[PDB]
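Spelled out, the chains give:
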Amino acid sequence: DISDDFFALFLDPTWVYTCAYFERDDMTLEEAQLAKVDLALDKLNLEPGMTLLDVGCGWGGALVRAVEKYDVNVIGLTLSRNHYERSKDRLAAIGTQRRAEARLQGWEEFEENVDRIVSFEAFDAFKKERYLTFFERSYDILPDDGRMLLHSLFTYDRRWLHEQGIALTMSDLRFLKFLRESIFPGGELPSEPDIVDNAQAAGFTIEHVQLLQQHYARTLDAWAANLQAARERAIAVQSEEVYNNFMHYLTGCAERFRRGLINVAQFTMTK
Ligand SMILES: C[S@@+](CC[C@H](N)C(=O)[O-])C[C@H]1O[C@@H](n2cnc3c(N)ncnc32)[C@H](O)[C@@H]1O
Ligand code: NA
């Protein structure tokens, strides 16, 4: 796979590799990633000592922020060994009396009770045959007053796009094929109904939906600018092919969020 050393060339120190939130226009990338995490965690009404599950925890930035700012116990799940190892190391290096653990484990195998759940851009990696199952499991492990913040990408169909004045081009179809045949996200995104209808069938109320479309455009622009500025080092760590493929993903996805072809949002879900 792609080395952490490559991603380090374009991500900020949190290692967060999902849509940032430019809560103030002059925030740096790091500040906007912490703002995105805090935006989500504030919606969970966390109290010190609660237990927070992060489904699909990446390299651990949100878990570290949850411990540091919110003083919660944390459990992070991932399917990626590289994600797990960095998460494990970062959490162990936090000075805290709380429980802070990362696991190489899917949510399908996790059955422990937790007080709150967060997830950032993992849901699009789930098979559509598991969308309902995921919400059922999340409902079951939460207490009666539990809350989940689902931050997910989602797509729109031709009819909706057309009603909004947007068309999918032959280039867009080529780009979707590029995504499907690569490690990059976006090849088989859920629709908004795939999120909302399954969450509601499992018993959740959708309290709030916050769209972040243009924040993602800006985030992807920042990653691309960072990667081009480090091009020689990126080629050295990987190769020119990989570098160019990443640039194609980052810039192509930025263009598509700007145009409105796809979206990303935080869904506050309550019981
Ligand atoms: C696009 S990354 C998001 C990483 C992190 N949330 C962030 O904001 O940078 C998706 C992560 O979800 C994880 N993931 C995908 N499917 C999963 C599953 N069924 N259970 C647990 N984690 C999963 C991947 O292994 C990866 O760590
Ligand atoms: Na404390």
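Residues numbered from 1 in each chain as written, not as in the entry; some residues may be left out. Chains lettered and ligands numbered in written order. Heavy atoms only, no water.

1. Brief notes about the state of the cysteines
Then, in step 1: Following the criterion strictly, the structure yields zero disulfides and no others.
Then, in step 2: Here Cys 253 stays free of any disulfide, with the sulfur of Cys 19 as its closest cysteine sulfur at 12 Å.
Then, in step 3: The exposure class assigned to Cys 253 is buried, which follows from its relative accessible area of 4%. (Disulfide = S-S within 2.5 Å. Buried < 20%, exposed > 50% of the residue type's maximum accessible area, 1.4 Å probe, protein only.)

2. A look at the packing of helix 7 (residues 170–180) against helix 11 (residues 240–259)
Then, in step 1: It is the contact of helix 7 with helix 11, at a shortest axis distance of 11 Å, that shows an interaxial angle of 130 degrees. Taken together, the axes of helix 7 and helix 11 are oblique relative to one another. Relative to helix 11, helix 7 is oriented so that their crossing is left-handed. Facing helix 7, whose interface residues are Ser 171, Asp 172, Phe 175, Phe 178 and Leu 179, helix 11 presents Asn 245, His 248, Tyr 249, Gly 252, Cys 253, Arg 256 and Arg 259.
Then, in step 2: Classifying every residue of the contact of helix 7 with helix 11 by side-chain character gives five nonpolar, four polar and three charged. (Axes fitted to C-alpha atoms, helices over the stretch in contact; angles between N-to-C directions. Helix = DSSP H or I, 4+ residues; strand = E, 2+ residues; numbered from the N terminus. Parallel < 35°, antiparallel > 145°, perpendicular 65-115°, else oblique. Left-handed = near helix turned anticlockwise from the far one by under 90°. Contact = heavy atoms within 4.5 Å. Nonpolar A, V, L, I, M, F, W, Y, C, P; charged D, E, K, R; others polar.)

3. A look at the packing of aromatic side chains
Then, in step 1: Taken as a whole, this structure holds 32 aromatic pairs when the rule is applied.
Then, in step 2: Geometrically, the ring pair formed by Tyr 17 and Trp 59 is tilted, given 6.3 Å between the ring centres and 35 degrees between the ring planes. One end of the pair, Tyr 17, is in the loop between helix 1 (4–7) and helix 2 (29–42); the other, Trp 59, is in the loop between strand 1 (51–55) and helix 3 (61–70), and 42 residues separate them in sequence.
Then, in step 3: The buried category is assigned to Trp 59, whose relative accessible area is 5%.
Then, in step 4: Taken together, a centroid distance of 4.7 Å and an interplanar angle of 25 degrees make the contact between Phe 123 and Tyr 131 stacked.
Then, in step 5: By relative accessible area, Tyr 131 is classed as buried at 5%.
Then, in step 6: The residue whose ring lies beneath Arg 231 is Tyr 243, and the NZ or CZ to ring-centre distance is 5.6 Å.
Then, in step 7: Note that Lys 271 overlies the ring of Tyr 139, its terminal NZ or CZ placed 4.1 Å from the centroid. (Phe/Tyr/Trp six-rings, centres within 6.5 Å; stacked < 30°, edge-to-face > 60°. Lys NZ or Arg CZ within 6 Å of the ring centre and 35° of its normal.)

4. Observations regarding the coordination of the sodium ion (ligand 2)
Then, in step 1: Taken together, the protein ligands of the sodium ion (ligand 2) are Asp 71 (OD) and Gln 97 (NE2), with distances of 2.7 to 3.0 Å. On the criterion of sequence distance, the pair formed by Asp 71 in the loop between helix 3 and strand 2 (73–78) and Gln 97 in the loop between helix 4 (81–93) and strand 3 (100–104) is long-range, its members being 26 residues apart.
Then, in step 2: Given the relative accessible area of 26%, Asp 71 is considered partly exposed. (Donors = N, O, S within 2.8 Å, 3.2 Å for Na, K, Ca; no water.)

5. A look at the pattern of salt bridges
Then, in step 1: In the structure shown here, the tally under the stated rule is 23 salt bridges.
Then, in step 2: For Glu 255, the salt bridge is made with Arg 259, and the minimal N-O distance between the two is 3.6 Å. Of this pair, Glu 255 and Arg 259 both sit in helix 11, four residues apart, which is roughly one turn of that helix.
Then, in step 3: A single network of salt bridges, built from pairs that share partners, joins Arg 99, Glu 101, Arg 103 and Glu 112. (Salt bridge = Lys/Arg side-chain N within 4 Å of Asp/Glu carboxyl O.)

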